[PDB]
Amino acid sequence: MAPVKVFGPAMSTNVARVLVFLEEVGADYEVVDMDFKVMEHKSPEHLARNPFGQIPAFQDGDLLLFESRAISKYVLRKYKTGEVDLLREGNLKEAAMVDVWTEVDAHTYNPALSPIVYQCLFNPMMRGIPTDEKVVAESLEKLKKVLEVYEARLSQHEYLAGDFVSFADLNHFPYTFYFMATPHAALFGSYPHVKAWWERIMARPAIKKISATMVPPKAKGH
């Protein structure tokens, strides 16, 4: 039957996103590393997997996929356990709530948090480009407003879609993980329900496993 293949280094946020869901359902998989220093993601071979020249790409037999959230939902459906139901697709209103807060991550939370990761981590280390502190300052003020909403939401439920962990919650892991390595990692402590939610996510065996393969400078970067 052959395990599925993920193309891209495990440290890349959107690769890690897929690996988390693979681990949640206990599926075998192969991580195919790629050399960004020779721009392997822009090679003719990889463009045939992801025509926009990005990672992850994904292969299951003759099926090629890209876009991390699409890959992840395919994994969750293919390996649907019964022991794990992260999409709630058998329940219309639960699936809707999972969908809402998955979209919130994609279009409200991650656009506020991701720039801080880029400016404080990716740009200086990976690209040799210094931190633009005005982008950081503007993004932090937006993130704080987002976190005020999350704090209220997570005061009523343990997770974002209700009293169950879901696709919505776990999609928050890869970029927030790296945020915890920036100078702004203490931010969450001002939002106690958000911090507790985050710690529940970090306690998950699948999350523990993948975060160990991403390895920051050292865990919660000081």
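Residue positions are given as counts along the sequence shown, with the first one as 1.
When 133-141 is weighed against 110-118, 133-141 comes out higher, by mean CA B-factor as recorded in the entry.
Of the two stretches examined, 164-172 and 31-39, the record assigns the greater average C-alpha temperature factor to 31-39. The PDB entry gives the largest Cα B-factor of the residues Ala96, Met126, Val146, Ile71 to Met126. When the modelled residues of the chain are ordered by their C-alpha B factor, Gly61 lands in the highest third. Among the modelled residues of its chain, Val75 has a C-alpha B-factor that falls in the lowest third according to the deposited record.
Sort the modelled residues of the chain by CA B factor and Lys208 lands in the highest third. Compared with the other modelled residues of the chain, the Cα B-factor recorded for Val20 ranks in the lowest third. Ranked against the other modelled residues of its chain, the C-alpha B-factor of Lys195 as given in the entry falls in the lowest third.
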